[PDB]
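Observations on the three-dimensional arrangement
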Amino acid sequence: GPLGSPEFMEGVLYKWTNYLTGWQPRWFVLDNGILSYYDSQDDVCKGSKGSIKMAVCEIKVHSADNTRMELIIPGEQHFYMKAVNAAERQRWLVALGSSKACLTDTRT
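Positions along each chain are numbered from 1 by the written sequence. They may not match the entry numbering, and residues without coordinates are not shown. Side-chain measures were taken over the full set of non-hydrogen atoms in the model, leaving aside hydrogen atoms and water.

This entry, as listed in the PDB, derives from solution NMR.

Structure follows, in structure tokens:
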């Protein structure tokens, strides 16, 4: 499609919210590029309403070891998050960058 492969991946992402409070397992799910934030798998319907638009901006992956990922999106670029495991963290990079894979500049 006009963005890449319309992926849809869901599951808890262990996010680093602050130095004090890291490891935070929070429910995350990627829909058509929009990676939204929830506090539970039943919360998926509404959540905090806030969502990451990884399509218009970039899905960041670096940390040169197991588990590496972050999200930079519209208005606010700052999402540091770890995963249940490494291929878990991979999985996201996978879905995200497969769904945004056609956007080299910006989903607009």
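Some details on the overall build of the protein chain
Put simply, the rule reads: Each helix corresponds to a stretch of at least 4 residues labelled H or I by DSSP, and each strand to a stretch of at least 2 residues labelled E; elements are numbered beginning at the N terminus. Taken over C-alpha atoms, the radius of gyration is set against a globule rule of 2.2 Å times the number of residues to the power 0.38. Only protein chains enter the accessibility calculation, which uses a 1.4 Å probe; a residue is then buried when its area is under 20% of its type maximum, exposed when over 50%, and partly exposed in between. Working rule for contacts: check all heavy atoms of both residues, and any pair within 4.5 Å makes them a contact.
In terms of regular secondary structure, the protein chain is built from 1 helix and 7 strands. Listing every helix and strand of the protein chain by position from the N terminus yields β-β-β-β-β-β-β-α. In terms of C-alpha radius of gyration, the protein chain reaches 13 Å, essentially the compact-globule figure of 13 Å for 108 residues. If one aligns the C-alpha atoms of the protein chain with their principal axes, the spans along those axes are about 40 × 35 × 25 Å. For the protein chain, the proportion of its 108 residues judged to be buried stands at 37%. Long-range contacts, defined as pairs at least 24 residues apart, comprise 41% of the intrachain contacts of the protein chain with a sequence gap of at least 6.

Brief notes about the sheet that holds strand β5 (residues 58-60)
Strand pairing within a sheet occurs via backbone hydrogen bonds; the two strands may be parallel or antiparallel. To keep it simple, the criterion reads: When DSSP finds two or more bridges between a pair of strands, those strands are recorded as paired.
Ordered by their spatial adjacency, 3 strands build an open sheet running β5-β6-β7, and the pairing between neighbours is antiparallel. Single-partner strands in this sheet number two, and they are β5 and β7 (79-80). Alignment of β5 against strand β6 (residues 70-72), held across 3 bridges, turns out to be antiparallel. Its bridge partner being in β6, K60 is matched across the sheet by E70.

A look at the pattern of salt bridges
Let me state the cut-off plainly: When a carboxyl oxygen of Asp or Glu is within 4 Å of a side-chain nitrogen of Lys or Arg, the pair counts as a salt bridge.
A complete count under the given rule lists 3 salt bridges for this structure. One salt bridge in this structure joins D39 and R26, with 2.7 Å as the shortest N-O distance. Highlighted residues: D39 in the loop between β3 (34-38) and β4 (51-53) and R26 in strand β2 (residues 24-31), separated in sequence by 13 residues. Residue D39 is classed as partly exposed on the basis of its relative accessible area of 41%. Among the salt bridges present, the one from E88 reaches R91, with a minimum N-O distance of 2.8 Å. With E88 and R91 both in helix α1 (residues 86-99), this residue pair falls 3 residues apart, about one helical turn. Given the relative accessible area of 10%, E88 is considered buried. Judged by its relative accessible area of 51%, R91 is exposed.

With respect to the UniProt feature "domain: PH" in the protein chain
We apply this condition: UniProt positions are given in the numbering used here, feature names are shortened, and annotations may be inferred rather than shown by experiment.
In this structure's numbering, the residues bearing the UniProt feature "domain: PH" are residues 9-101. Secondary structure across residues 9-101 comprises 15% helix and 33% strand; the distance between its end C-alpha atoms is 15 Å.

Side note on the state of the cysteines
Defined simply, a disulfide is a covalent bond joining two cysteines at their sulfur atoms. So the rule is basically this: Counting rule for disulfides: a pair of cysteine sulfur atoms within 2.5 Å.
A complete count under the given rule lists 0 disulfides for this structure. The closest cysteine sulfur to the non-disulfide-bonded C57 is located on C102, 16 Å from its own sulfur. Accessibility expressed as a relative area gives 19% for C57, which makes it buried. By relative accessible area, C102 is classed as partly exposed at 48%.

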